[PDB]
Every structure is written in structure tokens, then in C-alpha cells.
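Take this structure, written in C-alpha cells, and hold onto it; I'll ask about it next.
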């Protein structure tokens, strides 16, 4: 195995160059994977944080509650109007 | 083919190591693909679930409906005011 | 080049198997890329379509416009009240 | 090393073809990575821009403020009604 091992090395010497170029190419691809995923997920988090600003559950409830306060104040006023009119009716009949 | 097959094995013995290292590298890349896609999609689902909380179609409709109830109560009161005034006008002329 | 070409084939015969297994592995990776991107983008479109349901620009404007109608009706009523009172003042002084 | 180098070239000649086909396949994969990431991120930006249209913080505040103006106008009217009634009471007792 004297001449055999000399040919084993001279063949590895030429393949090792093509193995290095594939390894670098694979690492270039791996770097583009971890860069796309790191970028999109940061943009994705920015989407969730933005969406949260549009949840107006409490704001709309407070508007709703204050419309019902006004409705109750309108009932209170309708009772005060009929009360005033029932005094006016008495004033007319007192002539 | 006695010596031929001895050189075929001694060459496979040295290439098999470089094939294993490429296979492991490919599997490292494949694992990063299924990890990025599993993570981003989970973050993406969290975005849809968050966006749904901002659909206030029904809340805003109930506010709108109760503003129109108040508007109708305001028409009812305007008729009651003119009614009261038309009794006051009669009371003035009765002097 | 008689014996040379016989060794060229017996070496290609053993490498061709390792080339096929890498080609299949590469295609397995390529298929996972086009599957993740096809899935996430479909989920992403579902996010945009969901977000559109939360744009209540017109609904909120119609609420705003009808609150200002009520405000104008309240001004109309305040003028009718002072009008009624200015008739009541005259009725008191007519005694 | 006369015959040795002739076999080194005739072996590189057959491997160089399989190296080119792997290089093209790797580049086909790399192109699908930069295409998916470029597409999804453009769709992701469209999601953020859409979500911003649903932030009605200011619109809802102006509705809230104008409901409280109406509430204050309703208090002003309740004072004017009791004022009118306190003149009507005096008119009844003046008989």
C-alpha cells in the first residue's frame, strides 16, 4: 500500500477544494435563513403591537354608558315637562 | 478486478466522511427551516387572534341605535314644549 | 487508456449513489421552503382580511354627525325654553 | 508522477459535472429563500399599514367629549326647567 496511499492523498487534495466551496455555499444559505426569519419576526411583532392599539373595548363601553346616562336624563326631563304642564292645566281651569 | 476493488474501498473510506459532514449540515439547515416556519406561524396566529379584538361592528351599531333613540326622544320633547307653549298663549289671551 | 476508462466507470458507479441521495435531500429541503412560504402567506392574507374589518372610519363619523345633530336640537330647545319663560314673565307682570 | 496526474484530470473531468449540477441546485434554493422572504415581508408591511387605519383613539375621544357637552347642556336645561316651574308655582299662588 505504498503507491496506493500516494494516490489517495493526491485525490483528496483536489476534492477538498470542492468540499470547502460547498461548505461556504451552505453557510451562505444558512445565514440567509436566520436573517429572513430574524427580520420577518421583528416586523411580525411590530404588527401585533400595532393591532393592540385598535382594541377600543373600554372606550366604546364608556361612550355607551354615557349615552344611557343621557337617555335617563331625558326620561327625568320628560317627567318634569308633564309635571309643568299639569300645573299649567290647573292654572287655565282656575280662571 | 482484485486490486481494482481494493482501491474502490480505500477511496470510498475517505469520501464517506465528507458525505456524512454534508448530510449533517443539510439536516442542520432543514431543522432551521422547520423551526423558523413553526415560530413565525405561531406569532402570525397570535396576530389574527389580536386583530379580531378590534372588530367593534356590533358595539358601534348599539351606540348608533341609542343615539337615534335620544334623537326620537328629543323630537317627542319638542312636541311637548310647543304643546306647553300653546297652553301658555291661551292663558295670556284669557286675561 | 483501456484500463484507465474501466476505473473511471467503477468510481462513478459508487459516487452516483451518493449524488442521488444528496439530490433527494436537496429536493426535500426545497419542498419544505415552498411549503412554509405557501402556508405562512395564506395565514398572512387572512391577517390583512381580518384587519380590514376593524376600520370603522365611516361608522364612527356617522355617530359623530348624529351627536352634533342632537347638540343642534339641544340649542333649538334652549331657545324654545327661554321663549316659554319670556311669556311666563309677561303673564306674572299682567296680574 | 507522469501517469498519476493523467488519472487526476480524467477523474476531475467527471466530478466537475456533478459539482456544477449541485451548485446550480443550491442557487435555485437560495433564490427561492430570497423570493419568499421578499414576498412575505411585503405582505407583512401591507398588514401593518392596514392595522394603522383601525386606531380610532382620537375619533372615539371626540365622540366622548361631545357626549359630555350634551350631558352639560342637559344639566343647563334641567336648571332652566325648575326655574320655569318656580315661576308657575308663584303664578298659581297669586290667584
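Read from first to last, the chains carry the letters A, B, C and D; within each, the first residue is number 1.
The working rule: contacts are C-beta pairs under 8 Å (C-beta built on N, C-alpha and C of every residue); 3 or more make two chains touch, one makes a residue touch a chain.
Q: Looking at where subunit C touches subunit D, is over half of the residue numbers used by both copies, so same, or under half, so different?
A: different
Q: Averaged over CA atoms, how far is the centre of subunit A from the centre of subunit B? Could you give it in whole Å?
A: So the centre of subunit A lies 7 Å away from the centre of subunit B.
Q: Which positions in subunit D touch two or more other chains at once?
A: Correct list: 7, 11, 15, 22, 26, 29, 33, 36, 40, 44, 47, 51, 54, 56, 60, 63, 67, 70, 74, 77, 81, 84, 88, 91.
Q: Based on which chains touch which, is the overall arrangement a line, ring, star, complete graph, or other?
A: complete
Q: Can you identify all of the chain pairs that touch?
A: The list of touching pairs comes to A-B, A-C, A-D, B-C, B-D, C-D.
Q: Note which residues of subunit C are touching subunit D in the complex, please.
A: Subunit C reaches subunit D through residues 4, 7-8, 11-12, 15, 19, 22-23, 26, 29-30, 33-34, 36-37, 40-41, 44-45, 47-48, 51-52, 54-57, 60-61, 63-64, 67-68, 70-71, 74, 77-78, 81-82, 84-85, 88-89, 91-92, 95.
Q: List the residues on subunit C that touch subunit B in their complex, please.
A: It is residues 6-7, 10-11, 14-15, 18, 22, 25-26, 28-29, 32-33, 36, 39-40, 43-44, 46-47, 50-51, 53-54, 56, 59-60, 62-63, 66-67, 69-70, 73-74, 76-77, 80-81, 83-84, 87-88, 90-91, 94 of subunit C that touch subunit B.
Q: In the complex formed with subunit D, which residues of subunit B make contact?
A: Touch list, subunit B to subunit D: 47, 51, 54, 63.
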